[PDB]
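A short write-up of the structure that comes next.
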Amino acid sequence: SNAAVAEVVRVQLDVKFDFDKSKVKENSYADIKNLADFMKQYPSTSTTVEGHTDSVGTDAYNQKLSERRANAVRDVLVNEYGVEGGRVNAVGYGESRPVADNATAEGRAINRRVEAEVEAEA
Ligand SMILES: C[C@@H](NC(=O)[C@H](CCC[C@@H](N)C(=O)O)NC(=O)O)C(=O)O
Ligand SMILES: [Cl-]
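Residues in the sequence shown are numbered consecutively from 577, following this note's numbering.
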């Protein structure tokens, strides 16, 4: 084993979605642009846009919904803000990775989400 140290700058994005919707809400465009700003300034970086659902419905339905959400955020980054599409990787995890309790409406809302991050040397 060996010791390690590193210093990086990191932008982390969390976009929430309405029930059974993959539309990016208007109040999230500015947040998404912050991630685009970062990628423009560090051209060697890329990002994986990760979609999720709450647990209402089948695993298979939610796998596809999670992928539609990730692609909707990717479309904003690429089409609206001009990040090269090869630098933005859209994937979905369906309902399999909750960060809140699916037993409550509030927890389900938190789970209906896309997360993305970018890091670069600092
Ligand atoms: C009652 C509502 N039920 C549904 O199962 C779904 C979507 C669930 C989506 C959810 N997991 C999310 O993360 O948003 N809608 C559908 O089956 O087409 C309904 O059917 O009205
Ligand atoms: Cl770079």
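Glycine included, every Cβ here is placed at the ideal spot set by N, Cα and C.
- Between residue 600 and residue 652, which are expected to be in contact by the criterion C-beta below 8 Å, what is the C-beta distance as a whole number of angstroms? 6 Å between Cβ atoms; contact.
- Query: Can you round the beta-carbon distance between residue 667 and residue 646 to whole angstroms, since I take them to be within the 8 Å contact cut?
  - Reply: Rounded to the nearest angstrom, the Cβ distance from residue 667 to residue 646 is 6 Å, consistent with a contact under 8 Å.
- Query: Thinking just about the alpha-carbon of each residue, which of 694, 698 and 631 is nearest to the one in residue 596?
  - Reply: Nearest C-alpha to residue 596: 631.
- Message: Beta-carbon within less than 8 Å of residue 687's beta-carbon, same chain only, minus the 5 sequence neighbours each way: which residues are those?
- Response: A distance below 8 Å between beta-carbons, with the five flanking residues on each side excluded, links residue 687 to the following residues of its chain, in chain order: 628, 629, 630, 631, 671, 674, 675, 676 and 678.
- Item | Assumed close pair residue 684, residue 590 - CB separation to whole angstroms, cut-off 8 Å | Cβ-Cβ separation between residue 684 and residue 590: approximately 15 Å, too far for a contact (criterion under 8 Å).
- Within the stretch 619-693, note down every full alpha helix (DSSP H) run reaching 4 residues or more, in order along the chain. Segments of the alpha helix (DSSP H) lying fully in the stretch 619-693: 635-651 and 681-687.
- Which stretch, first to last residue, makes up the alpha helix (DSSP H) that contains residue 609? 605-617 is the span of the alpha helix (DSSP H), which, as asked, contains residue 609.
- Query: Measuring from the CB of residue 698, is there a heavy atom of ligand 2 at a distance below 8 Å?
  - Reply: Because no heavy atom of ligand 2 lies under 8 Å away, the Cβ of residue 698 does not count as near it: no.
- Query: Taking just the CA atoms, how far does residue 698 sit from residue 650?
  - Reply: Residue 650 and residue 698 have their C-alpha atoms spaced approximately 25 Å apart.
- To which residues of the same chain is residue 626 closer than 7 Å at the C-beta, ignoring the five residues directly before and after it? Closer than 7 Å at Cβ, skipping near neighbours: 646, 667, 669, 690, 691 and 692.
- Cβ-based neighbour list, residue 642, same chain, cut-off 7 Å, excluding 5 preceding and 5 following: Closer than 7 Å at the Cβ level, and outside the excluded window around residue 642, lie 627, 628, 629, 668, 669 and 670.
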